[PDB]
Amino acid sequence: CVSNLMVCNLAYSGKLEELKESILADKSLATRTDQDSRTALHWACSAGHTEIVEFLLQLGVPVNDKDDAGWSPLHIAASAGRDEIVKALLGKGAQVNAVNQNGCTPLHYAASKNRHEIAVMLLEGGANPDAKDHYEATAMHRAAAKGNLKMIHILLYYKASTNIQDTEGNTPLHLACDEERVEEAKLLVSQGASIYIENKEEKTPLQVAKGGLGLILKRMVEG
């Protein structure tokens, strides 16, 4: 029991049949919002109930409504790893660049939770790989910091920039170097990440690097 509305609880707990009959009794239940401004669709997305989502979508429920924290059903599905729901939601016009109250797009959640298949769906459905959250950080910054190498490859394939600075002036390369993500930093540099950009403490990625990484990257770009 997660919501003050029964339809939300039914959607959450996967009870499609009891949900259909509830809606047959009162159609407005399909889009009635709970205390959190969530409807059945949000909660079906959170729990991964694919068939409930496809039922609600074929009813004609709005697909882009945000709850009281700004999360759209695409946010919830992308972040919980629901591949099939993401796909259905994209097919019904889910907005790939929607942002929540924390400033994140669904791609932000996909990048930092390593949802490779979902990341590709969002990117081929037109997500801006360079969208920035409230700290001017991109999906690449998140992938870089956590050492998510495959995700970096995906973002680069879809032409994500490597040199965008966050509010502290860090690029994804500073973040890789600081967090000791050696192979990610080598990859970034191989695909054009600048070793020259200074952050707000006036340090380049090389001055952030621990160990011997700084020298290895310097040789990669020049000699």
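Residue indices: 1-based, along the sequence shown. By rigid core we mean the largest C-alpha set that fits within 1.5 Å across both forms.
Stretch with larger C-alpha RMS deviation in 7 other deposited structures of this protein, core superposed, 23-31 versus 157-165: Per-stretch check in 7 other deposited structures of this protein: the more divergent one is 23-31.
Between 206-214 and 8-16, the one whose CA atoms sit farther away in 7 other deposited structures of this protein (rigid core aligned): Result of the core-fitted comparison in 7 other deposited structures of this protein: 206-214 deviates more.
175-183 versus 150-158 - greater average Cα B-factor per the deposited record: Averaged over C-alpha atoms, the B-factors run higher in 175-183.
Higher-scoring stretch by recorded Cα B factor average, 22-30 or 50-58: Mean C-alpha B-factor is greater for 22-30.
CA B-factor ranking of residue 190, expressed as a third of its chain: Answer is highest: the recorded C-alpha B-factor places it there.
Entry-reported Cα temperature factor of residue 95, expressed as the chain third it lands in: Its C-alpha B-factor belongs to the middle third of this chain's values.
Cα B factor band for residue 137 (lowest, middle or highest third within the chain): Residue 137: CA B-factor falls in the middle third of its chain.
Ranked against its chain, the third holding the CA B-factor of residue 113: Residue 113: CA B-factor falls in the highest third of its chain.
Within-chain third of residue 103 by Cα B-factor, per the entry: According to the entry, residue 103 has a C-alpha B-factor in the chain's highest third.
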